[PDB]
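Listed here are the chains, written in short residue letters.
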Amino acid sequence: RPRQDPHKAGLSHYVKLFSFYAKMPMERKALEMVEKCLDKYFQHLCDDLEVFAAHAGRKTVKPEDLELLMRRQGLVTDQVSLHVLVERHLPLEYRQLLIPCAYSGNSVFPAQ
Amino acid sequence: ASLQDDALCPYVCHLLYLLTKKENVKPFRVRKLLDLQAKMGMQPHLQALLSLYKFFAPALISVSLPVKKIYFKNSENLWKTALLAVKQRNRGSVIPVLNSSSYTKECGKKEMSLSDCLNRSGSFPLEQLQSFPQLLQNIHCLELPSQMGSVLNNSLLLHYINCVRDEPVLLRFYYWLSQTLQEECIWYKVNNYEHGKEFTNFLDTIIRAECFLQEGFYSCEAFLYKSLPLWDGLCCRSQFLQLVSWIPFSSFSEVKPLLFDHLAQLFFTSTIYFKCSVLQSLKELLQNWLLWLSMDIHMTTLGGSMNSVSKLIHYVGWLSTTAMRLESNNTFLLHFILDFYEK
Amino acid sequence: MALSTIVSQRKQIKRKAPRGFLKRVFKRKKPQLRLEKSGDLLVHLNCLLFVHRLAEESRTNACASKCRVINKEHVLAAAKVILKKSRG
Amino acid sequence: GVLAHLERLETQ
Amino acid sequence: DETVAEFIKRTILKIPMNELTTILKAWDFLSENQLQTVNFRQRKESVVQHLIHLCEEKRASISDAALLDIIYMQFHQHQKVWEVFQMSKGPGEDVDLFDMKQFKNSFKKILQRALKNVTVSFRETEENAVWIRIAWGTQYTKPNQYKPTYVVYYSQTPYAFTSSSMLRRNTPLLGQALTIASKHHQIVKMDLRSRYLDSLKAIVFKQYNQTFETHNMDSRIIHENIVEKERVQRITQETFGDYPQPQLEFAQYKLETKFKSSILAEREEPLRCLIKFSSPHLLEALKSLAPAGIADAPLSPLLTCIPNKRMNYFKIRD
Amino acid sequence: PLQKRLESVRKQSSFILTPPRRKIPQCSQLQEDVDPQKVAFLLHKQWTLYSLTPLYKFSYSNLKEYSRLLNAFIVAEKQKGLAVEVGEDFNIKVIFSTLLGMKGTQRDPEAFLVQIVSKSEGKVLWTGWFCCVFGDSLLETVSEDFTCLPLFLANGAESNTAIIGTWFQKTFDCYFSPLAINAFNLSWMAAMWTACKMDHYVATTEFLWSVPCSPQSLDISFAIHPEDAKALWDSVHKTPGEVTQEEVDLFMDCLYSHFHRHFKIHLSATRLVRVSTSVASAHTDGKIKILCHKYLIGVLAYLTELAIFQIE
DNA sequence: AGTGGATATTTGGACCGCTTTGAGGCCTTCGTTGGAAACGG
DNA sequence: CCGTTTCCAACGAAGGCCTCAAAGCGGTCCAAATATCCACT
């Protein structure tokens, strides 16, 4: 009779991704540490998105706010845009939804 | 192209594992599979496809898979009760492994040869040879293995090498078999009884192969000439004495000091069962020599050939007389003597 | 292998992202705001990049501090700089 | 065969 | 500092895992209530890291690491090659009243006034033994903790064992310190080197024979030359004795004798030769040479005088 | 036919004919076409000996493709999990080089080397050497589609030697066999190397013996100055320019008697293991170390004839 | 968007050979050190 | 004739590789919740 809370079930994906990217054997005592760092990072991300949306003048969060945040983080630049990172790190099912593409008589989706 | 989706990857991989042929393997698809493996990691449905692509094109991909484990999931489909329904409706290592030729053929080539530009015959692949009619249709053109030892346990290749009489193939087989017999022996050049039944099974396979082709190999004759003075007469008596029967026809005066002297020295001091065994072996040898000599007259002359078998018969008669004098007139040996004289 | 030590994953899990978990987290943290159609995908991408940075930093800290197995202090010292670099 | 039978008779 | 921590960490890494608890208990530097907090079931690396953290939280000096090294060395004592010294005394000198404090003070002051930077660590154990660890240095360099020198001294005896590691540069100084701190006059080195310290101890003290006398089948085979067999057996039993032979592993002979055999009869120069006998257990393989038929019944006196003459290296001339 | 000649030379190796004598190795100035750096690299290292059957369809024209394929195979064998492309550049590299001036006669094939290099030039990690010196007895009974290189020398780890041998056997259909040297050949080599003339002696002459005492264990070393050994050899040498079995027997009996007069141990009942002198050093397990660059061809020819006798 | 029904998911149960860590041996090869020898006064 | 710089001989440990034994459990097969989801209304 196993019991798993949704929080740990959600964090296990990123914990396993960390274990795969480490390419080294890791002690079990680091899992809770990585989970706490992920929680703190999510808190700071939510706060930064909130203040950026407040400064933008709207209540909703738009992709330009996340682009500005990633640019301040040093990940996205003018030359290396967000589309490059999406193509590098995301599968096709998400690229079809994020990056606009034209087909069948200049039909563009999504509308950009 | 549908391999990009992570949800349809295993099923499409399983389908391609069945739909893959030789004309479909191409370098850009190899690069696609490589980048997919780099992005996803070690997936069995990808490892199987990579192994198949390597088998179809060894000069582009190098893969060594560890172990057979279950690569594709054997999940019974929803139509298993329908699969059985349509079935009931339709009711009414010492030896090398079999592999294709080495990829060093046509390794350094500047342009395409004039043969394939005109679409000529070419050759026949080795993996397609699986039945007897396929051997019948392509008997004149065949692909030889990379290691000739693998021919030892394949009937379709034995049927081909039965009538070839080629020098490089014979040399390769001779070298391989001689080295194997020298390294795997139990009382020659090494004291290694750990082999045991392995050497017996190898000798049984060799004897079963040389019963076919109606002749023997030269490696076995060399091994017999080398390891006979060191034999004790009990290790592999059956297989050894069966290998003795397949000796090519030669003059008795030349083959006597190499084989028959040691045979007699081991014969005059052993038990009666060894005597019966060597009598049976000599009878089989005489039968084989007579069978091979009977066909030459239909094609040293015969005068010098009959002298050899006459000397052999006189030698075995002297052996039989001395053995009857030694064993105090045992009928169990007289039976074998009369069996030999019957032939 | 001891239960305390975990060997590196030879095969990576499927690249499917837990969109529902991210939506529930963003709702329970800031319920007054509303996320757009595919903002969770960008959040997942940012999390992937953060985890990659943390992983490489912890790996080099563990390999530079005379250790073949990643310990707690290594990932701790890596996080103490990665969390500060990830905000802006 | 006959040789194997002679062997197994020798063993006993 | 960090050098002490690195020294302690290397010393602990040298110690095996099954006997680490015994060494830590014999060290007695960390309190007993701090040992059960560490779990010896996990990996060796984590245990060593926790021990280093515990030793760093407390004040760790350089004497504790030296004591741990001495304990480890006296627990193993088979990783180095040992040599023996012998000190002589004048005829008109009386038996001295040995004192440990004065000996330590003199042995320290001699090296402190000869050199400038040198580390000395003592450990006085029963069997009347003193273990001394020495880290050498001079006026312009710091003491090197990687190449120490180990000495085992027995009180009121003319013998002292030493580990041949680096004393080839400071041999006269060590000899002077030993002969001054122990109130002697001369000192000489014996031709006896061996890796087994207990064998050297039994040979030098000549106590390897502890037996004293006190009152308190297939007749069909005919073995000839049986008298020769019983004679060689008696000769071997008389020459090699019946006591358990001490365990040695090496012997060396140098020969400068003339060749006597028509062949090189006019030669007047000797034949220079160097012979080495090597075996896992010497003095036991030789004893079985005569009964096996590889040597004569009486062996050469050069091979049956190892424990009696207390010599391992020999030189023979014409 | 070549098969009949092979069978004839095979069945001719009987133990009735008397073995012949051997000529004293004469120092010879090596050819000037050989690279001196390669000669200096081949000296002072310990090599492991192997006998090899002729290679089927080996071409000296395409050596780059062989190196590329072998590099890809080694890299794929190192990481047992993932795939490996052929034209990719890895951390290690395989180099096929050609040696010159190492053949005995103009009819012998050319020697070549296979090297593993870790780039960071890089550092050499493993070296293989294929050679054949004075192998006219083998070149006659082989067709033209084969290449006869019976002597193989390996320097490095055995884990790489196994992979290289597996690849060679799977590609060219050959057979690698360990080559051993018994006490007879070692006792012959000792006398043949002592009979040679040298200008300066760099190392003393040493023999190693293993005493059979199976319950126990014991080894004996016998070292002697080179000049004394040369004088002892000249005292018994009487055949000009040749070495005879009786001379070797006397040379060994001199040492046996000199040892027995001092230690009363019969050194003739033991087993000779290792023999080292100023020109080369040999072990019974099949290890050779060459020191002088003037007597290279003689040692190579001796080892080649041993390998030819083993493979035939 | 609350309500819904269905079907793939998986985590604890159970067991064997693959897995790694610890220890011992042993080897082939560079380096630090002592010393004989040519050079300078 | 004697002190000093330099190349040569030599012990060593040092590292690198090989082998075996013992403790562990990941992987494979398998249960019955249960939770992802797609559009139900």
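Its PDB header names cryo-EM as the technique used to obtain the model and reports a resolution of 2.83 Å.

Within the PDB entry, the label attached to chain F reads Centromere protein L, and the organism entered is Homo sapiens. The PDB lists this entry under the title "Structure of the human CCAN bound to alpha satellite DNA". As recorded by UniProt, the Subunit comment attached to chain F reads in full: "Component of the CENPA-CAD complex, composed of CENPI, CENPK, CENPL, CENPO, CENPP, CENPQ, CENPR and CENPS. The CENPA-CAD complex interacts with the CENPA-NAC complex, at least composed of CENPA, CENPC, CENPH, CENPM, CENPN, CENPT and CENPU." Quoted verbatim from the Sequence similarities field of UniProt, the annotation for chain F is "Belongs to the CENP-L/IML3 family."

As recorded in the PDB entry, chain E goes by the name Centromere protein N, listed as coming from Homo sapiens. For the record of chain E, the UniProt heading Sequence similarities holds the text "Belongs to the CENP-N/CHL4 family."

Undergrad: Explain the overall build of chain E to me, and be specific about the residues and the numbers.
TA: When you go through chain E residue by residue, the secondary structure sums to 10 helices and 9 strands. Taking 2.2 N^0.38 as the reference for a compact globule, 318 residues should give roughly 20 Å; the C-alpha atoms of chain E span a radius of gyration of 26 Å, well beyond that estimate. A principal-axis box enclosing the C-alpha atoms of chain E has dimensions of 80 × 55 × 55 Å.

Undergrad: Go over the protein's contact with DNA strand H, please, and point to the residues and values.
TA: Close contacts around DNA strand H come from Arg1 and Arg3 of chain A, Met1 and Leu3 of chain C together with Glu158 and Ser159 of chain F, and that covers them all. The sugar-phosphate portion of DNA strand H accounts for 100% of its atoms within 4 Å of the protein, the bases making up the rest. In this structure, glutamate 158 of chain F approaches DNA strand H through a main-chain N or O atom, which is 3.4 Å from a phosphate oxygen. Here a phosphate oxygen of DNA strand H sits 3.0 Å away from a polar atom, N or O, in the side chain of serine 159 of chain F.

Undergrad: Describe the packing of aromatic side chains, naming the residues involved and giving the relevant values.
TA: Taken as a whole and judged by the stated rule, the model has 66 aromatic pairs over all chains. Against the face of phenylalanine 20 of chain A rests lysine 23 of chain A, its NZ or CZ located 5.3 Å from the ring centre. The cationic tip of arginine 22 of chain F hangs over the ring face of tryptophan 188 of chain F; the distance from NZ or CZ to the ring centre is 5.1 Å.

Undergrad: I'd like a rundown of the interface of chain C and chain A, residues and numbers included.
TA: Taken together, the contact between chain C and chain A spans 63 residues of the former and 58 residues of the latter. Note on chain C versus chain A: buried area summed over both sides is about 6200 Å², and carbon and sulfur give 68% of it. Where chain C meets chain A, there are 2 salt bridges. For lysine 30 of chain C, the salt bridge is made with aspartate 47 of chain A, and the minimal N-O distance between the two is 3.8 Å.

Undergrad: With reference to specific residues and values, describe a negative patch on the surface.
TA: Residues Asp166 and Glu167 of chain B together with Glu144 and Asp145 of chain F make up a contiguous surface patch of negative charge. For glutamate 167 of chain B, the position within the fold is in helix α8 (residues 167–184).

Undergrad: An account of a nonpolar patch on the surface is requested, with residue identities and associated values reported.
TA: On the surface, a cluster of nonpolar side chains totalling about 440 Å² of accessible area is made up of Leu78, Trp79, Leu83 and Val86 of chain B. Locating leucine 83 of chain B in the fold gives a position in helix α4 (residues 80–90).

Undergrad: Before we move on, can you summarise the pattern of salt bridges with the specific residues and values?
TA: Tallying each qualifying case throughout the model produces 31 salt bridges over all chains. For the salt bridge of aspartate 78 of chain A with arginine 71 of chain A, the shortest nitrogen-to-oxygen distance reads 2.6 Å. For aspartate 78 of chain A, a relative accessible area of 65% corresponds to the exposed category. In this structure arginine 71 of chain A comes out as partly exposed when scored by relative accessible area, which is 31%. Salt-bridge contacts for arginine 231 of chain E lead to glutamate 228 of chain E; the nearest nitrogen and oxygen are separated by 2.6 Å. Linking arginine 231 of chain E with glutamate 228 of chain E, this pair stays in helix α8 (residues 226–240), spanning 3 residues, or about one helical turn. Among the residues examined, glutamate 228 of chain E registers a relative accessible area of 42% and is labelled partly exposed. One network of salt bridges, in which partners are shared, links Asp47 and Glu50 of chain A together with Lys30 of chain C.

Undergrad: Hey, could you go over a positive patch on the surface for me, with residue numbers and the actual values?
TA: There is a patch of like positive charges on the surface, built from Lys36 and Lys40 of chain A together with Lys72 and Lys80 of chain C. At the level of elements, α2 (29–56) of chain A together with α3 (72–86) of chain C are the ones that each hand at least two residues to the positive patch.

Undergrad: Break down the pairing of strand β8 (residues 271–282) of chain E for me, with residues and values.
TA: Taken together, the 9 bridges between strand β7 (residues 248–257) of chain E and β8 of chain E define a ladder with antiparallel strand orientation. Across the sheet, the residue bridging to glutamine 252 of chain E is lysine 276 of chain E, located in β8 of chain E. Pairing geometry for β8 of chain E and strand β12 (residues 219–224) of chain F, over 6 bridges, is antiparallel. From the neighbouring strand, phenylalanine 277 of chain E faces β12 of chain F, where its bridge partner is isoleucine 220 of chain F.

Undergrad: Which residues make up the protein's contact with DNA strand G, and what are the values?
TA: The local shell around DNA strand G consists of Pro2 and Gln4 of chain A, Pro16, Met17, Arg43, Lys44, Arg168 and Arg169 of chain E together with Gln46 and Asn155 of chain F. Those atoms of DNA strand G that come within 4 Å of the protein belong to sugar or phosphate at a rate of 100%. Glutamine 4 of chain A places a side-chain nitrogen or oxygen 3.3 Å from a phosphate oxygen of DNA strand G. Taking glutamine 46 of chain F, its side chain carries an N or O atom lying 3.0 Å from a phosphate oxygen of DNA strand G. A per-class count over the surface near DNA strand G returns 3 nonpolar, 3 polar and 4 charged.

Undergrad: I'd like a rundown of the side chain of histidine 262 of chain F, residues and numbers included.
TA: Examined against the element boundaries, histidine 262 of chain F turns out to sit in helix α8 (residues 245–263). There is a polar contact of 3.1 Å between the side chain of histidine 262 of chain F and the side chain of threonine 257 of chain E.

Undergrad: A description of the state of the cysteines should follow, citing residues and the corresponding values.
TA: The tally for this structure, following the rule as stated, stands at 0 disulfides over all chains. For the unlinked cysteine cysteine 305 of chain E, the closest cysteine sulfur is that of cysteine 273 of chain E, found at 19 Å. Take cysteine 132 of chain F: it sits in no disulfide, and the sulfur closest to it among the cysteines is that of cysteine 148 of chain F, at 6.8 Å.

Undergrad: Tell me about the packing of helix α5 (residues 100–114) of chain E against helix α6 (residues 171–181) of chain E, and please be specific about residues and values.
TA: Two quantities define a packed helix pair, namely the angle between the helix axes and the distance between the axes. Residues and elements named next belong to chain E. Following both chains from N to C, one finds α5 and α6 inclined at 150°, their axes separated by 9 Å at the closest point. With respect to α6, the element α5 is oriented roughly antiparallel. Crossing of α5 over α6 shows right-handed handedness. Between α5, through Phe103, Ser106, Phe107, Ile110, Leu111 and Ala114, and α6, the contact on the second element is made entirely by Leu173, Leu174, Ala177, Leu178, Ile180 and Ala181. For the contact of α5 with α6, a count of residues per class yields 11 nonpolar, 1 polar and no charged.

Procedures and definitions
- Residues numbered from 1 in each chain as written, not as in the entry; some residues may be left out.
- Chains lettered and ligands numbered in written order.
- Part of a larger assembly, values for the part shown.
- Heavy atoms only, no water.
- Residues with missing side-chain atoms left out of burial classes, pairs and counts.
- UniProt positions renumbered as here; feature names shortened; annotations may be inferred.
- Helix = DSSP H or I, 4+ residues; strand = E, 2+ residues; numbered from the N terminus.
- Rg over C-alpha atoms; globule rule 2.2 N^0.38 Å.
- Near = heavy atom within 4 Å.
- Polar contact = N/O pair within 3.5 Å; in protein donor to acceptor, adjacent residues only side chain to side chain.
- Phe/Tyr/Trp six-rings, centres within 6.5 Å; stacked < 30°, edge-to-face > 60°.
- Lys NZ or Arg CZ within 6 Å of the ring centre and 35° of its normal.
- Contact = heavy atoms within 4.5 Å.
- Buried area = accessible area lost by both parts, 1.4 Å probe.
- Salt bridge = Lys/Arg side-chain N within 4 Å of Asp/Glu carboxyl O.
- Patch = residues over 30% accessible without salt bridge, like charges linked within 9 Å, V, L, I, M, F, W, Y side chains within 5 Å.
- Areas by Shrake-Rupley, 256 points an atom, 1.4 Å probe, with all protein chains shown as cover.
- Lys, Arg positive; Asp, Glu negative; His and termini not counted.
- Charge placed at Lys NZ, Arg CZ, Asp CG, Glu CD.
- Buried < 20%, exposed > 50% of the residue type's maximum accessible area, 1.4 Å probe, protein only.
- Pairing = 2+ DSSP bridges.
- Nonpolar A, V, L, I, M, F, W, Y, C, P; charged D, E, K, R; others polar.
- Disulfide = S-S within 2.5 Å.
- Axes fitted to C-alpha atoms, helices over the stretch in contact; angles between N-to-C directions.
- Parallel < 35°, antiparallel > 145°, perpendicular 65-115°, else oblique.
- Left-handed = near helix turned anticlockwise from the far one by under 90°.

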